[PDB]
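# Structural overview for review
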Protein chains: 4
Amino acid sequence: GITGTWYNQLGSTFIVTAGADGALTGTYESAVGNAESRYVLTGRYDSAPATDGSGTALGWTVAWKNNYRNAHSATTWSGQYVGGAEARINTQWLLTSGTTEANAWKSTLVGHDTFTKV
Amino acid sequence: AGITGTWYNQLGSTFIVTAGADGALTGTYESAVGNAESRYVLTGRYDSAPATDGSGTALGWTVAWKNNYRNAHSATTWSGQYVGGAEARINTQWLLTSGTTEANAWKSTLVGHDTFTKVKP
Amino acid sequence: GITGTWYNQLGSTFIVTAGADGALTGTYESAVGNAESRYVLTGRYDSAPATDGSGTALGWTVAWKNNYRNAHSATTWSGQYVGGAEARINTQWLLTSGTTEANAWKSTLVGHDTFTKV
Amino acid sequence: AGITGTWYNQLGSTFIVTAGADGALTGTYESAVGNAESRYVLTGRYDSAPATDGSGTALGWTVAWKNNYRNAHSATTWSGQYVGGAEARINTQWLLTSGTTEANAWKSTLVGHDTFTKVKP
Ligand SMILES: O=C(O)CCC[C@@H]1SC[C@@H]2NC(=O)N[C@@H]21
Ligand SMILES: O=C(O)CCC[C@@H]1SC[C@@H]2NC(=O)N[C@@H]21
Ligand SMILES: O=C(O)CCC[C@@H]1SC[C@@H]2NC(=O)N[C@@H]21
Ligand SMILES: O=C(O)CCC[C@@H]1SC[C@@H]2NC(=O)N[C@@H]21
């Protein structure tokens, strides 16, 4: 279910492969920010979720550096997968930028992305 | 190189990591607190080409709390930066999400911050 | 514009009064959690926003204690007001619970609420 | 009572506050960093009836960065707890939102954490 191509409210493209062992692998393409084309991503997820109606926790990282640019920063998405007729992945993220110790106080942005397969 | 090694945070948790030349991070994490025991696999990414100034190196990693002994049905992601030198440090802020029913979703995510100190290998 | 009765995706009721000086005052009633009836709230907002198309930053707090219960915790909402045909207040919150120093690591929840007048 | 007084965080910022018996917090804040100068009004709320155990006192306050000298078109909210005793502390986590256009909304909110130390009044 998790495996596939997903899109968030901003129009970004998330392409993941979920291994049976609990690994997440794929590429991420952002529709906004100091970025172009695809970026490697790696993460983990609960490969044995609860039997009740709970979602399956997951999380991945993306360092914003590839062959075209280096924004000198990383983003981590933490959230949960909810299956069904209209599957979705609701997350919250932390975008940290490399900074001098003097600007460390304003180095981390926080947001929330919702991904669907549409 | 700098990032690679054994680190510990203020909680007494252990962070063993290796930085690949492609910007990949792999290793194991051991939490001193929470519903967890033994080692859990971790995977992340970092800026393999930081600015040559006094800036830190942005990085991040995830850890799904499930191994061959326990499953907490949750995942934590650490987002922060590495700061080298004599006293190398990794200052991070994290998000720990628990799997929940639709009704309890609003209280599924905890937020915190850990500071890691590296041990002379 | 900010003044009025708002509702979030959870069904909670937010009733605010925005003073000309930049003060926020009102009551908050949550549809979920260890809470019942109304709770006092106080906050601040930019009473002189930018002339471009920017939203107006705002933020308020609610200690979860009233005549009926005391959940021993506080919530702060930080976000921005966007006027127009369909006004809304998009926010992100931090819910801190009073805890022993040993549980301090898991004392703060983080989320995001969207309020509309519907 | 405990909370009331002058406090400072690791950045060198000043936090003057008074705790009302109704659970209200009022005072002024002075930031050591950012687009700010002089004092800004603050308002918050706290648990005026904490648990008699070793628990902390939950509290929170907002500060819109606008006074008679500057307007940064932003607001910060601090959420945390007070911990009394010999060395009283206020450990918090904050959210600073900037007013932005619809297009830049995604990068409107910064997240951090401040620790406040009280000064013997
Ligand atoms: O400036 C950069 O480094 C690019 C930031 C991209 C960010 S990550 C969180 C948000 N979600 C998304 O799909 N794109 C933006
Ligand atoms: O899932 C659980 O119950 C274990 C949570 C462990 C958490 S992750 C953030 C925090 N840092 C750490 O070293 N340990 C705790
Ligand atoms: O258990 C409690 O203290 C009540 C928590 C209520 C929380 S505040 C963030 C979320 N938004 C809302 O409208 N209700 C919930
Ligand atoms: O709006 C601005 O540019 C000023 C931001 C000041 C921020 S609020 C969180 C942080 N703590 C503090 O004492 N100062 C900074």
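Residues numbered from 1 in each chain as written, not as in the entry; some residues may be left out. Chains lettered and ligands numbered in written order. Heavy atoms only, no water.

## Looking at the UniProt feature "binding site: biotin" in chain A
Rules: UniProt positions are given in the numbering used here, feature names are shortened, and annotations may be inferred rather than shown by experiment. Cavity means a closed set of points on a 1 Å grid over the protein atoms alone, one where a 1.4 Å probe fits but cannot get out, pocket means an open set with protein on both sides within 12 Å along at least 5 of 7 lines, and lining means a residue has an atom within 4 Å of a point. In DSSP terms, a helix is any run of H or I states spanning at least four residues, a strand is any run of E spanning at least two, and both are numbered starting from the N terminus. Buried, partly exposed and exposed residues are distinguished by accessible area as a fraction of the type maximum, computed with a 1.4 Å probe on protein chains only: under 20%, between the cut-offs, and over 50%, respectively. Contacts: residue pairs with any heavy atoms within 4.5 Å of one another.
UniProt records the feature "binding site: biotin" at A:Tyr28, A:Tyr39, A:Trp77, A:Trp93 and A:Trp105, using the numbering of this structure. The named residues occupy 78 residues along the chain; their greatest pairwise C-alpha distance, 27.1 Å, places them well apart from one another. The subset of the named residues that lines the second largest pocket consists of A:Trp93. Within the secondary structure, A:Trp77 is located in strand β6 (residues 70-82). According to the relative accessible area criterion, A:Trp77 is buried, its value standing at 2%. When neighbours within four sequence positions are excluded, A:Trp77 is seen to be in contact with A:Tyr28, A:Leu58, A:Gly59, A:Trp60, A:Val62, A:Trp64, A:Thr91, A:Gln92, A:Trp93, A:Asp113, A:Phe115 and B:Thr77. Counting through the fold element by element, A:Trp93 comes out in strand β7 (residues 88-97). Setting aside residues no more than four positions away along its own chain, A:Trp93 makes contact with A:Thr75, A:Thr76, A:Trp77, A:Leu109, A:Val110, A:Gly111, A:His112, A:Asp113, B:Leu95 and D:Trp106.

## Quick notes on the interface of chain B and chain D
Note: interface size is frequently given as the accessible area lost on complex formation between the parts. The condition is simple: Each of two parts loses accessible area, computed with a 1.4 Å probe, when they are put together; buried area is these two losses added. N or O atoms closer than or at 3.5 Å make up a polar contact, with two conditions inside protein: a donor-capable atom paired with an acceptor-capable one, and, for residues adjacent in sequence, both atoms drawn from side chains. By the convention adopted, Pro, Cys, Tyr, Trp, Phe, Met, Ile, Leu, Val and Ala count as nonpolar, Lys, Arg, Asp and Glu as charged, and the other residues, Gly among them, as polar.
Each partner contributes residues to the interface: chain B has four residues there, and chain D has four residues. Of all residues in chain B, B:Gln93, B:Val111 and B:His113 bury the most surface against chain D, accounting for 96% of the area lost on that side. Applying the counting criterion to the chain B and chain D interface returns zero residue pairs in polar contact. Looking at side-chain class alone, the side of chain B that touches chain D contains one nonpolar, three polar and no charged residues.

## Some points on the site of ligand 3
What counts, and what does not: The near set for a molecule or strand comprises every residue that places at least one heavy atom within 4 Å of it.
Among the 17 residues in the neighbourhood of ligand 3, the closest are listed as C:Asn8, C:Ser12, C:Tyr28, C:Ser30 and C:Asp113. Near ligand 3, residues from chains B and C are present, making the site a shared one. Measuring from an oxygen atom of ligand 3, one finds a side-chain N or O atom of C:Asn8 at 2.9 Å. At 3.2 Å from an oxygen atom of ligand 3 is found a main-chain nitrogen or oxygen belonging to C:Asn34.

## As for the interface of chain A and chain B
Heads up, the rule is: Between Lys or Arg on one side and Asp or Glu on the other, a salt bridge is scored when a side-chain nitrogen of the former is within 4 Å of a carboxyl oxygen of the latter.
Counting residues at the interface gives 43 residues for chain A, matched by 42 residues for chain B. Both sides together, the interface formed by chain A and chain B hides about 3,000 Å², and carbon and sulfur atoms give 57% of it. On the surface where chain A and chain B come into contact, there are zero salt bridges. Our count for the contact surface shared by chain A and chain B stands at 22 residue pairs in polar contact. Secondary-structure elements contributing two or more residues to the side of chain A that touches chain B are β4 (39-45), β5 (56-65), β6 and β7 of chain A. Top element by residues in the side of chain A that touches chain B is β6(A). It accounts for 10 residues. Partitioned by chemical class, the residues of the side of chain A that touches chain B number 16 nonpolar, 23 polar and four charged.

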